[PDB]
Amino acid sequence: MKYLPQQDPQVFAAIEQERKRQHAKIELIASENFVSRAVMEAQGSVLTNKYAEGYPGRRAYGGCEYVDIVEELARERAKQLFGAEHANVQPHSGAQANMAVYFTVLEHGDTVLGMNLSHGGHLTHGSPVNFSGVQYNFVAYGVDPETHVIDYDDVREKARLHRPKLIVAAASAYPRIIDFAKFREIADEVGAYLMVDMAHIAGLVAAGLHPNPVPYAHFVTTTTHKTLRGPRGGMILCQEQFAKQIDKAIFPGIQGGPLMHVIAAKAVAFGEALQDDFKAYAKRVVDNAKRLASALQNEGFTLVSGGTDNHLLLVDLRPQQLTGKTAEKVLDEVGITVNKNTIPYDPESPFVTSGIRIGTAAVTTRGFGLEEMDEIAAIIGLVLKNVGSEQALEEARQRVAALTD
């Protein structure tokens, strides 16, 4: 940076702290990643200066010839990546992407069936403190109490009982592959639309390492950040038959002017995801998660569902008599970043929890491999088995520092 340090010492000093923090810590929060310098440059461009309400070639204002090229690059590359008939790259966030889909197909008070929030469902899939749970009548399907895999007969029974207008599949804390074919089968049986929220797994889908929901879903929503490793924002994919309605839902429905600089960054990120080296990256993400899972089990930890098919895992801390809150706090003391997370059938509140959620997308981006996964697991074992030993925590701190250089 050149101008910010002189203009705003306070903001710059804080940004520099954050940059150094990102390097120093081991980031295991499953939603996190590190974007490329090219993506950041796109976000830091003069495109922030342009109002571009509407869509390419159909804008409210003149002068959009070049931002139109940028948005179309984003849409076409997204279609290349996911094989979708239509893309809308304007959603400000994953929340707004979901909001738009709900606005398209649902009326106030309509019934929606989503994944149980305590079993892996997202806040925007019907939390009573979120617009989704307030605006619509959400009902939930659960995972099996033993396997922690989605119970597809429960999905079916809930669908047949409650007759939802919309079924939502996908999750923020589900460590296994989701069967989109089965979701669509159930949707078809009850005459419901199927929406898949692939935010967490979008990068893996792009790399062919998780089945693609696009062929099975009427609507697919996602964040552009997370495993896709793009800028912070949202996106909707859908069948051509919904394109006009989806676009109208985003604008003039729920948003105003789009963030054209972020959309440029989205295009950049999609370009990166189209490359062979991103496919190699995504495979390392999944390989690293399996390795970390195995290594954690070797340390004596129990994992929700007994492992992982994707980028993330959940440690069930009940065998260690620890809460997720306690684990999160002590790992923070040694420079490992996780989040407490409810496990299926958790006896604790979401503010305490019996688990921690861990993902490998961020550490993989930093170049961590299998050996590092082993060491991360060993450090977590050292810490969680010795929460009352400052000597153990100091050793952990030193081993964490050794990993981050």
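One-based numbering along the sequence shown.
Undergrad: Given the B-factors recorded for C-alpha atoms, which segment has the greater mean, 188-196 or 222-230?
TA: Looking at the record's C-alpha B-factors, the answer is 188-196.
Undergrad: Would you mind comparing 249-257 and 315-323 for me and telling me which has the higher average C-alpha temperature factor in the entry?
TA: Taking the mean B-factor of the alpha carbons in each, 315-323 is higher.
Undergrad: According to the Cα B-factor stored in this entry, which of the following is highest: 105, 262, 100, 268?
TA: In this record, 105 carries the highest C-alpha B-factor of the candidates.
Undergrad: Could you say which of 203, 335, 91, 133 has its CA atom at the highest B factor, as listed in the PDB entry?
TA: If I rank 203, 335, 91, 133 by C-alpha B-factor, first place goes to 133.
Undergrad: Of the three thirds of its chain by CA temperature factor, lowest, middle or highest, which one includes residue 386?
TA: Within its chain, residue 386 is a highest-third residue by C-alpha B-factor, going by the deposited values.
Undergrad: Divide the modelled residues of the chain into thirds by Cα B-factor and specify which third, lowest, middle or highest, holds residue 297.
TA: Middle third by C-alpha B-factor.
Undergrad: Ranked by Cα temperature factor within the chain, is residue 348 in the lowest third, the middle third or the highest third?
TA: Ranked within chain, residue 348 CA B lands in the highest tercile.
Undergrad: By the recorded C-alpha temperature factor, relative to the other modelled residues in its chain, which third is residue 340 in?
TA: Ranked within chain, residue 340 CA B lands in the middle tercile.
Undergrad: Place residue 137 in the lowest, middle or highest third of its chain's C-alpha B-factors, as listed in the PDB entry.
TA: Highest third - that is where residue 137 ends up once the chain's C-alpha B-factors are sorted.
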